[PDB]
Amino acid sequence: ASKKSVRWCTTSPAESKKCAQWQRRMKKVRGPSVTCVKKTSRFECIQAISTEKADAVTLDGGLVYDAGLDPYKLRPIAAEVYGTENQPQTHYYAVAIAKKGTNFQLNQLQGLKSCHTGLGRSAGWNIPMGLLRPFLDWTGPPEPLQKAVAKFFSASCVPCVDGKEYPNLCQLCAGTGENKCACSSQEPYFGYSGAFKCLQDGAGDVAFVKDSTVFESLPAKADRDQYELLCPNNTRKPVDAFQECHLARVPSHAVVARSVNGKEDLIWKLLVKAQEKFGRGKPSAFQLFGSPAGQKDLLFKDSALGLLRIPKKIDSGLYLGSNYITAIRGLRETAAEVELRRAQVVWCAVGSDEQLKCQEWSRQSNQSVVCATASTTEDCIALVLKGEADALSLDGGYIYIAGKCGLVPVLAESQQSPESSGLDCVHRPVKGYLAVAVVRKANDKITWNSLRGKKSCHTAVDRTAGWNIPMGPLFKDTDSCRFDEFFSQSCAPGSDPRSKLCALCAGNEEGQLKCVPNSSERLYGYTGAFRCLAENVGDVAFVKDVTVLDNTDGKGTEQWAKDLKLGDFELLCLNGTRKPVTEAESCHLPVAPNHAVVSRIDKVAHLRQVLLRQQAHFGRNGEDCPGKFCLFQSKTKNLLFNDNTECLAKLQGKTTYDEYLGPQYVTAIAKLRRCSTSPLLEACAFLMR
């Protein structure tokens, strides 16, 4: 029955027959135990695996999606690999090409001519018609999508579609006689290359193919320049920019297993060894990837050439991706459900209090804003990645992580600048404080190159300009994460009390907790970091440019911050040189960043207008904030937003995270980030295999 073995699920006697020898050639090389379970559809299999009847089965994207839904909750354990020894691939991008010159965008396709790889195919039919659902005027499932499309496009070529039922969908095809619109290579414009030729010849204005088609059809760059890609943000971009400009991403078929009591490891071990003996390119008379003459793709894809272990963090939604899931949703929901989702905004509250404030703003919003809630900030990003969440305001460290996972900044949290300010904050962009390295002019043997082994003064451990920024481009070159083996002695609150990072710190008026991460530690914060330097302790201090000229000119604190000028201190430029705190715009590390609202490039447009409205009513000058719930007033604890940001300000050029955080900041963080891993980060790095 349920021996110490993986029970694979079969959906046809043939498939069931390959699993027969599959099991036996196994005991012969003492690889793991594999018993088969005869079923009659992957779907039956999904039910089996979920009720311990079986343990594994390999499914395709659409089924991986239904397998992961709330009743079964299976998850992808392994991905098939395609391509070849030199170029292995685990996924590709569905794209939309069109001749350069024409100027329609993705949202302006009504009435044009279309070329499709084939009815039912993924890149040529389901993904682009699922996404363009909002423009179809189609009831839903019962009505033939094919009639909705016949009315959307003037004419097209869709192989496999019914000629005398929907003539204009076969109008542009080129097969002759009884082969026009055929569902095979008999129809010239069939498949990827075919749908593409259909664009080249001029029969259509758009072709729905995948990332590589142009490159396989036009080896000459000169030729390829004549083409453009229609991006999901209604913009056009060159053909080798499919990475940042595609409709969707379709992952390789996957082996699924249950979440709870999945038997994963045992399942992978069986796969690891079987790949080793009967894999691709092995002597074996029986091969995992390959089927007899008639049958095809038994258990696995004949074309497959291996399996990759999928990181545990990834579930069915992360594996599929938001664009893919939306395309699926768009092909099975009602014009109602689709419109509701497209219109409302789901915020991802983090924590209980933040969930509460969100529910509240939900009421006052009249449902314009709705709430999803996670435990960590990372899970919130994951929810927005799989389309279950729409937005979330993040700090720079995470804006980056979301930037590496395909997310883009929507609105920035402009700083209120504390004690009063001025209106028109939606267009007046705050620059964010400049991180800098201040040094005493009474010190000539200490310049930003020659810092190794000097006395350093830090605000605190893991603080934007007090640590993360300097230690970043001051450790990028090397590949060690020993930030303690640099700087003889440093004061960095948040470090081991007895290490060299907590040697020069002060204490609680001397006597109590030393180096402790707070005001309870004299030389702490942009205040103590400047004190640590002012009082000849450290050769350098890392704080904000404003810390110097905002604590000097006999304007500081106690006895130390008196009688000390500004032209008395100095900055530390990456350019090796060094001038006064005045020219800090032309001599500084990077710019600390402001928190920003992050989301999917598809949701940006609609998200921006909804947030500016929420601001007009609940904003700092909102015609309803004092009167009824204030956006920027958290239960004093920075919920959903920072309690002292004036308004959400429009990004003015900066539209990516690279543009936003800045080249210098991305560099410091990057180095830093690869020292302290982010399971979600490696999850995203994997999805780009």
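Note that residue numbering follows the sequence shown and begins at 1.
As the entry records it, the average C-alpha temperature factor is higher for 124-132, out of 205-213 and 124-132. According to the PDB record, 505-513 carries the higher mean C-alpha B-factor of the two stretches 505-513 and 331-339.
Highest CA B-factor among 247, 392, 442, 371, as stated in the entry: 442. Between the residues 564, 241, 106, 358, the entry's highest C-alpha temperature factor is the one at 564. Sort the chain's modelled residues by C-alpha temperature factor and residue 476 lands in the highest third, per the entry. In this PDB entry, the Cα temperature factor of residue 152 sits in the bottom third of its chain's modelled residues, the lowest group.
Ranked by C-alpha B-factor against the other modelled residues of its chain, residue 643 falls in the middle third. Residue-level temperature factors show residue 80 in the lowest third of its chain, judged at the C-alpha atom. For residue 675, the recorded CA B-factor ranks within the highest third of the chain. Only modelled residues enter the ranking.
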